[PDB]
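Reviewing the structure listed below.
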Amino acid sequence: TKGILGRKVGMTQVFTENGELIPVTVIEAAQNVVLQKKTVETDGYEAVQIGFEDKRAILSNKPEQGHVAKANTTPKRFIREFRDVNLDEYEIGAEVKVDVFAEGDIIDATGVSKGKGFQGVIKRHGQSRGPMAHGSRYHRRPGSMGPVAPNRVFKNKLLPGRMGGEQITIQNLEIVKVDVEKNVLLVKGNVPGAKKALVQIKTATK
Amino acid sequence: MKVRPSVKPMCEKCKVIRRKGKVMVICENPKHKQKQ
Amino acid sequence: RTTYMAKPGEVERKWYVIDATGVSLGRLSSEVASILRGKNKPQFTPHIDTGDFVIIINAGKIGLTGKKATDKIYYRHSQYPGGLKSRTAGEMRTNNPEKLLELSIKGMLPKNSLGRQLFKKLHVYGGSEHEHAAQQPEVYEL
Amino acid sequence: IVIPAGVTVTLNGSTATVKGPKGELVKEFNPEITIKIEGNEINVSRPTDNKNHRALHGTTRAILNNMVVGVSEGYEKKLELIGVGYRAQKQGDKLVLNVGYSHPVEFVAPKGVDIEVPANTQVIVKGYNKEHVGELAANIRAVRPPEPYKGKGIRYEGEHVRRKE
RNA sequence: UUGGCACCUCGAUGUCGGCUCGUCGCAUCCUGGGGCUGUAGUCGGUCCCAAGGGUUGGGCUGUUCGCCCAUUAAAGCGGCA
RNA sequence: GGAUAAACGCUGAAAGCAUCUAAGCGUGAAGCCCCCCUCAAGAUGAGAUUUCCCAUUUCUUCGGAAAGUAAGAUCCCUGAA
Ligand SMILES: [K+]
Ligand SMILES: [Mg+2]
Ligand SMILES: [Mg+2]
Ligand SMILES: [Mg+2]
Ligand SMILES: [Mg+2]
Ligand SMILES: [Mg+2]
Ligand SMILES: [Mg+2]
Ligand SMILES: [Mg+2]
Ligand SMILES: [Mg+2]
Ligand SMILES: [Zn+2]
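Residue numbers (PDB author numbering), protein chains in the order written: chain H, 2 to 207; chain 9, 1 to 36; chain M, 2 to 143; chain K, 9 to 173.
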């Protein structure tokens, strides 16, 4: 099992040797470093703490500076643990390049979906609009809360609210291309999040 | 199986028994398998 | 006129250890509840916690007579529709017996702010070992 | 209650062991029963003659006797295959059956059990633990148990298959 | 369900059908497991366990129901004023 | 995967046989607990790991206080993913 963190650069499409055409998301995964190595005896769970981007020491702070100095590298912007991963690899301070993967290798991409604001039910939860004619004054409203008997409405009655920002994993995506010079990884299809968003790519659980 | 409150022998080879707190009859004839 | 009412801190409060091996859930819990409420002491005052602190070990060996291991069913509800989750007393004895004795004793304590405060004085272990040796506790026999 | 040559019976409370030429059998019985020992013979008794103790007296005797007969002579169970194409084989110590499915079914005989192929239409289980012998014979029969209309399938050799039109 | 009673409500507890949203039970329609078969096989009948998910779109009618066309793995029965 | 329903069985008595059960073993469902996704320590049971700042001065008879700071964070400002 093997993993990185990256930024979403965008989408494009690539022709394979068959001449088939394949959309791809681009992930730029530079400056990945191992910062801490958690254990069952120190913590209770085995995991590897990766930090992804270099940033400035005035945007940083002295705690983060200490934690990265224990790794002998710069402060980082995104820091994340990966589990179900072997610890005999991943020596502290080590740099963690995209070359750990390979073409056709197969992954789960985990990221924080895009932000739609306060939304209604038919967009958010997929409900149906009521008629727009024949006398209707019910178009995009949510429907009955429920029956009378409870004197209350049940939980998980679905209503307007803030739509996105939720964490999402997409599974069984395919890695098309690896470019260690550009620190670039190509993924068939899509991933969650806007441009410049953090993506957590890892070997698929299945 | 025939599930019935009226579990009684249907021939002479039928044999009443008590499996898992329930009255069954077993016979060579599979039809006679009764449960209560 | 004049009869003694205790005060918080007025009474010494001890730390007891019980081997729960073979004893029936309910009988052990009934003895523990009274210890925690403080009815073994004549300093008892109903609105004050005079009771003692209590430890229980070998809770995974707690006795369950009959078919209660399979037929006594604990239930939880998530307050969601169909959010009912059941689990058997024997399964709980195996995996999470601490929660089992907690559930037994909670229903046997009073249902108040005090009783909630008393539940905190209980420390349960399915094993033979506990963390509370610093308090140097005494054995209690039922 | 014979104890033939080579057999050694040992006891510790509810536990017990019996060793012999063909294997070791460590088992338990409930303690309420009572044991008495002679060099060739070991008897059992019940103190109170209530329901459970009656149930357990003959049970424990029979199970001891099974342990003894197993270490001393073992047990055999014979299964015969009936049907064209129904084929048996062992790739060494692993049974394989080819019985009209779109695949074969393989088995492994666990510690104390053994298979034998005296012919393609015949397989035999052998052991010193009667329980395991019968269980593996039963599971091997479970793959294509006999249908009535022809008898096609595995069966114990002395089994009274019922047939129909 | 048809009914019976007339116990709350007549200083107001709004009705059928549909739309939106569903949720629950199991006496399970489909899928799943199994016993008996007057079960050759295909298909089926009946019965037990199972409520996980799923359980269509139109013509006539205000209509529920129902008839029809065409599909479906299936086009479930019911409770929640 | 683990444990089960219905069911099939092994061994085995009670009841010299028989019996899937009584003690004891195995198989065994789309179901149960897990596996997969998400939220989650206000989980007052408030958890854990890593790193950072330090033990100031006034007072007050004690408790205890306020009054400037550190690590850090914000008021304010340019803004959007
Ligand atoms: K009225
Ligand atoms: Mg619509
Ligand atoms: Mg309008
Ligand atoms: Mg009024
Ligand atoms: Mg009103
Ligand atoms: Mg049913
Ligand atoms: Mg019309
Ligand atoms: Mg119409
Ligand atoms: Mg199983
Ligand atoms: Zn019969």
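Beta carbons: idealized from backbone N, C-alpha and C, even for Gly.
Contact note: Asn173 (chain H) does not reach chain M at a C-beta cutoff of 9 Å; the least C-beta distance is about 30 Å.
Contact note: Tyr81 (chain M) reaches chain H through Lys156, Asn157, using a C-beta cutoff of 7 Å and chain order. Under the DSSP assignment, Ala24 (chain K) falls in the beta strand (DSSP E) whose first and last residues are 23 to 27. Secondary structure in the stretch 84 to 115 of chain K: the beta strand (DSSP E) runs of 3 residues or longer, each lying completely within the stretch, are 95 to 98, 102 to 106 in chain order. Between ligand 3 and the CB of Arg141 (chain H), the shortest heavy atom gap is not smaller than 7 Å. About 5 Å separates the beta carbons of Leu199 (chain H) and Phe79 (chain H), which is inside the 8 Å limit, making them a contact pair. The criterion of a C-beta distance shorter than 8 Å is not satisfied by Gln50 (chain H) and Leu60 (chain H). With a threshold of 16 other beta carbon atoms within 10 Å, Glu65 (chain H) meets it and is buried. A Cβ-Cβ separation of about 4 Å places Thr111 (chain H) in contact with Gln201 (chain H) under the 8 Å criterion. Counting along the chain, the unbroken beta strand (DSSP E) around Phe83 (chain H) starts and ends at 80 to 84. Annotated three-state conformation of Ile106 (chain M) is helix, per DSSP. Of the other Cβ atoms in all chains shown, 16 or more fall within 10 Å of the Cβ of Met93 (chain M); this residue is therefore buried. Per DSSP, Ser53 (chain K) lies in no alpha helix (DSSP H) segment; the continuous beta strand (DSSP E) that holds it begins and ends at 50 to 53. Rounded to whole angstroms, the separation of the alpha carbons of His78 (chain M) and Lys86 (chain M) is 6 Å. In the structure shown, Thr71 (chain M) falls within a helical segment according to DSSP collapsed to helix, strand and coil. Here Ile49 (chain M) is not near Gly128 (chain M), since their CB atoms are 8 Å or more apart. If you keep only unbroken alpha helix (DSSP H) runs of at least 4 residues inside the stretch 111 to 179 of chain H, you get 122 to 125. In this structure, the straight-line span from the alpha carbon of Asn152 (chain H) to that of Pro161 (chain H) is close to 22 Å. Secondary structure at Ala7 (chain M): coil, using DSSP grouped into helix, strand and coil. Our two residues, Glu82 (chain H) and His140 (chain K), have alpha carbons roughly 49 Å apart in a direct line. Here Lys9 (chain H) carries a strand assignment [DSSP, helix/strand/coil]. The C-beta of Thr206 (chain H) has fewer than 16 other C-beta atoms within 10 Å across all chains shown, which makes the residue exposed.
Partner residues in the beta bridge of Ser25 (chain M), as assigned by DSSP, are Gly64 (chain M).
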